[PDB]
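Engineer: the data below comprise the sequence and an experimental structure of the protein.
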Amino acid sequence: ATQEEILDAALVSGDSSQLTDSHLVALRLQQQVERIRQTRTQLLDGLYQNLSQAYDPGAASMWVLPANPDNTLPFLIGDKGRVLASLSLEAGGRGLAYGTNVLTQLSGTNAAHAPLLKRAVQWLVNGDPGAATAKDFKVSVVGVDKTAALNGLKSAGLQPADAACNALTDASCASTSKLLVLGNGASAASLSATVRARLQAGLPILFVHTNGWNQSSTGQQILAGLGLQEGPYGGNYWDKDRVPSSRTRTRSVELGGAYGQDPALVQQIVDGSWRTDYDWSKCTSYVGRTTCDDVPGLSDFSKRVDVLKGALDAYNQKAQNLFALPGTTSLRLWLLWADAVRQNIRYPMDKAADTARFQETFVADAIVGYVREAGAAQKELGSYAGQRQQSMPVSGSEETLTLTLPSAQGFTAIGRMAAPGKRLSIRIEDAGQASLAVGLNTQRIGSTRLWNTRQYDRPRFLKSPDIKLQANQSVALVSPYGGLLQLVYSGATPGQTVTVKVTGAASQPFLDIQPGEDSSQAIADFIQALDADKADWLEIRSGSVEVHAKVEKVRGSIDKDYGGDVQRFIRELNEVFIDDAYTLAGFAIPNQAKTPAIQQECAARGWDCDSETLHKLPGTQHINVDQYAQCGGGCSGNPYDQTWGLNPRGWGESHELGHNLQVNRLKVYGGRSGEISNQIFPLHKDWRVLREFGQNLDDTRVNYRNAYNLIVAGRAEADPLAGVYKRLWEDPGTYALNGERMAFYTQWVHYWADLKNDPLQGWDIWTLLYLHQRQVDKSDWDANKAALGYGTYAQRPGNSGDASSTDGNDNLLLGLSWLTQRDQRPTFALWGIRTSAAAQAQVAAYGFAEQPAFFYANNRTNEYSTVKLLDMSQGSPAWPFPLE
Ligand SMILES: CC(=O)N[C@H]1[C@@H](OC[C@H](N)C(=O)O)O[C@H](CO)[C@H](O)[C@@H]1O[C@@H]1O[C@H](CO)[C@H](O)[C@H](O)[C@H]1O
Ligand SMILES: [Zn+2]
């Protein structure tokens, strides 16, 4: 079959599998867009003629926008570009929608609109804005006041008659009525469908919004019946847009034809007239990542491409199949064009060396329609994936999966993949109250380094839009890239399950650790899948951590750090990385009790240390492992991004995990500890690692020596608190004095160990503070405050993360004093940390002997045997380890 014949077919079926001739599609699109422009311009010009286009809807009005651009268009666009009234040719009918009740203002505010309105009604009734309506033409008015409506029309020089029946709901009435006027008081079954069916059978409809700047569902449903849509929250309130008396015929005609359409971009595709002179010297670079926001012209180009993406992604988000929805030919053609471009793409591309291919591909990446019965695979996947992904076998039979949502909001991996260019079908059941969508992949936008020299080597948008699902309703998907399937949720109940039924998906290697239970079976299945080597991507679920990983990066890490020992890699991922962190934070981990020393401290303290209400595991933290990251070679977030692979003993891994587990009430001076209070997690791991294994990792992070220097010198000032504050916590830089500030956090580790007379117990102090803090955060205040050393507080304390707040300092002073049973203000002052009066008074009330100022000094981070205790109450001893 010819390319021509394939395109004709695909316009109906959506199947772009054989469609390769993108210039052919571009030409068809060129003419489609041109005839839309012709239709629109001829209509508008016949409406406006040379009459005044003055129209002012006030702030108490809504914007009314086209939705289906092929068969709807604006009528009145304001000087600020707000669409204040739209026309509809949907289903071959005729309609018109205003964002306010214009009919009640035709002898007042909008007296000057009357002649234009007359032509508009002439058009509605006759199909010709120049053909007089007959005297006493029958008008049905529904959902808005009849007499005022009819009087308005009469004010415009028209002679309507009350049809005296309801043309919205009575079919006999519709067939004899010449116009229907709708407002938002209307009642009907299937309001949108009803409206559509009347339109399509030839009843002309005039809609007025009757709720000012408020939105109306009734209206939205009427508008959707016309192929229109209500504007955003607020309506015209803020902008107060209008069309002035000076607006010309030529100008409005022109805006109307051009609205939501880009014939210049289509021409550029056709001719291949891509820009050869972009000034790249204006790109800039930040931690290895080039961006080009300030290259003249570039943002306007990219923002025009964003229009098309938004347009098609609205269909993706609502799980709507474009090829099943009538009057979508322009967008079908954009989509089929884009799929044809994907047939030819080749990597890598450079912004300078490959101007034509770069810019066309740029446009094509932004146009992907996932909801469909058939479609094509992009041929080259470059730096994302390869031949393995292309060839993954798929399940012909239906597969049933059960998933647990650990928090109320987020996403979790389903455990299956879409294969490139192959239909899968999906539905979810037993969802309770949870709101649900499906999506593909986890890459963040900066992960495609298209502005880096010769690094446009993968698609811009590997992460699909979230595609909304209904309880018990199937959706058919085709991805050109293939991808890891994600269940996106909100409004869920921590610990609830969801059931996923999927047909046509592939099975990536997937390590699914089951909470508490023996996961011996799952580990060997995973290894077998890994050894089978059919996938470019894998995933891991363990505890509250999910890893979305490029297979070869993981192999590379197993090989370099574990000599190919997969089993040890997995164990250490689960135990030394994951369990280590979450156990240190005192969470309730299934089938895993607290250590004896912690259990016994919680007992003596009479605290709730194990309930799910207070200490349940938190929301999923996601980790990406890939060739690129969103920023740098590793980037904070959820997911956080890694490019080196995945090392269970890695500093980065636990540093970032730490960010997820930070809490403001354990931050010294708020953001001053933004990159400090998370470091207890990597620090704990390295201390454990040296003891159990022998590797000595990152042994110079904690700068006891220079922290000391700063303390000693800030201390000789007249105000010793402030003196130390200036030298330690004042500097607002993101990583300022990182090693020195960390030394504060370990003080309490060495202290607790001496207090418990057991070096193995030191870190328990932080685990007790986390448990204390969650009680402080969410326990019933009146009932629990006495047990938490907060009896003097009428109300729960604040949780400000602000540098100038004492919310973090206070709780640290209270918690440490309460747990240690000593008044710790001297050592807090020694570190330049101020506290509120309330907190001061509360410590006094404990009636503990003061702990005089002290300092734990060491010349190594990970090895505590050599730590030395200084008494700082009487003066400042010499640093107790020799230089140099
Ligand atoms: C403060 C800290 O612990 N930083 C380490 C952290 O940084 C994560 C992001 N990349 C970031 O926010 O900057 O994890 C990385 C990667 O795993 C490093 O260990 C960071 O330590 C810093 O490493 C770089 C070298 O890449 C420099 O030597 C810095 O001096 C060092 O602090
Ligand atoms: Zn950080």
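Structural biologist: Done, it's in. Numbering: from 1, shown residues only. Ligands and ions are numbered 1, 2, ... in the order given.

Engineer: most residues in a single helix of this protein, which one?
Structural biologist: Ranked by number of residues, the top helix in the chain under DSSP state H is helix 22-48.

Engineer: who does it touch, helix- and strand-wise?
Structural biologist: Secondary structure elements in contact with helix 22-48, counted by 3 or more C-beta pairs under 8 Å, 6 or more residues apart in numbering; DSSP states H and E, are helix 3-13, strand 72-77, helix 114-126, helix 249-258, helix 263-271, helix 329-344. Using the backbone N, CA and C atoms, a C-beta is placed for each residue, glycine as well.

Engineer: break the protein down into its domains, please.
Structural biologist: The record's domain parsing of the chain by automatic domain parsing lists 55-246, 265-505, 508-600+618-625, 651-768+804-871.

Engineer: tell me which of those sits nearest to ligand 1.
Structural biologist: Closest approach to ligand 1 among the domains of the chain (C-beta to the nearest ligand atom): domain 651-768+804-871, 2.4 Å.

Engineer: okay, how far is it across the closest one, tip to tip?
Structural biologist: According to C-alpha to C-alpha, to the nearest Å, domain 651-768+804-871 extends 33 Å from its N-terminal end residue to its C-terminal end residue.

Engineer: ok now it, how far from the chain's centre?
Structural biologist: Between the centre of domain 651-768+804-871 and the centre of its host chain there is 35 Å, according to C-alpha atoms, centre = their mean, to the nearest Å.

Engineer: still on that earlier bit, so which bits of the longest helix of the chain are buried?
Structural biologist: Buried residues in helix 22-48, defined by neighbour count with 16 or more other C-beta atoms under 10 Å: 22, 24-30, 32-33, 36-37, 40-41, 43-45, 47-48.

Engineer: how about the residues of the stretch 601-750 of the chain near ligand 1?
Structural biologist: 632, 634, 636, 651-652, 655, 675, 735, 738 (C-beta under 6 Å from any ligand atom).

Engineer: what's the closest of the residues you listed to residue 586?
Structural biologist: Taking C-beta to C-beta as the measure, residue 655 is the one of those closest to residue 586, at 19.6 Å.

Engineer: ok, that closest one - how many residues close by?
Structural biologist: Using other C-beta atoms under 10 Å, residue 655 has 20 other residues around it.

Engineer: part of a strand, is residue 439?
Structural biologist: Yes. Counting by DSSP: H, G, I helix; E, B strand; the rest coil, residue 439 is located in a strand.

Engineer: does it touch residue 488 like I think?
Structural biologist: Yes. Applying C-beta atoms under 8 Å, one finds residue 439 in contact with residue 488, separated by 5.4 Å.

Engineer: need the overlap of contacts for these two.
Structural biologist: Counting by C-beta atoms under 8 Å, 6 or more residues apart in numbering, the common neighbours of residue 439 and residue 488 are 411, 466.

Engineer: so which of these two has more stuff around it?
Structural biologist: Applying other C-beta under 10 Å to residue 439 and residue 488 shows that residue 439 carries more neighbours, namely 21 against 17.

Engineer: around ligand 1, which positions in the protein sit nearby?
Structural biologist: Along the chain, the residues adjacent to ligand 1 under the rule C-beta under 6 Å from any ligand atom are 632, 634, 636, 651-652, 655, 675, 735, 738.

Engineer: any chance of those in JSON lines, with distance to residue 122 and secondary structure too?
Structural biologist: What follows is these, written out as JSON lines (distance: C-beta to C-beta, whole Å; DSSP: H, G, I helix; E, B strand; the rest coil):
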{"residue": "632", "distance to residue 122": "64", "secondary structure": "coil"}
{"residue": "634", "distance to residue 122": "66", "secondary structure": "strand"}
{"residue": "636", "distance to residue 122": "62", "secondary structure": "coil"}
{"residue": "651", "distance to residue 122": "75", "secondary structure": "helix"}
{"residue": "652", "distance to residue 122": "70", "secondary structure": "helix"}
{"residue": "655", "distance to residue 122": "71", "secondary structure": "helix"}
{"residue": "675", "distance to residue 122": "69", "secondary structure": "coil"}
{"residue": "735", "distance to residue 122": "71", "secondary structure": "coil"}
{"residue": "738", "distance to residue 122": "75", "secondary structure": "helix"}
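
Engineer: what's the PyMOL syntax to select whichever of those residues are buried?
Structural biologist: Here is the PyMOL command that selects only those of the residues of the chain next to ligand 1 that count as buried (16+ other C-beta under 10 Å):
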select buried, resi 634+636+651+655+675
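
Engineer: TSV please, covering the residues of the chain next to ligand 1 and showing distance to residue 473.
Structural biologist: Listed next are the residues of the chain next to ligand 1 as TSV, based on distance: C-beta to C-beta, whole Å:
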residue	distance to residue 473
632	42
634	40
636	37
651	46
652	42
655	43
675	46
735	49
738	51
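
Engineer: which of the residues of the chain next to ligand 1 sits closest to residue 204?
Structural biologist: Sorting the residues of the chain next to ligand 1 by distance to residue 204 puts residue 636 at the head of the list, at 57.2 Å, by C-beta to C-beta.

Engineer: who's in contact with the closest one?
Structural biologist: Listed by C-beta under 8 Å, 6+ apart, the contact set of residue 636 reads 656, 659.

Engineer: same question for residue 578.
Structural biologist: In this structure, residue 578 makes contact with 542-543, 545, judged by C-beta under 8 Å, 6+ apart.

Engineer: now the farthest one out in the protein, which residue is it?
Structural biologist: Centroid-distance maximum for the chain: residue 135 at 57.3 Å, with C-alpha atoms, centre = their mean.

Engineer: please consider this matter closed, and thank you.
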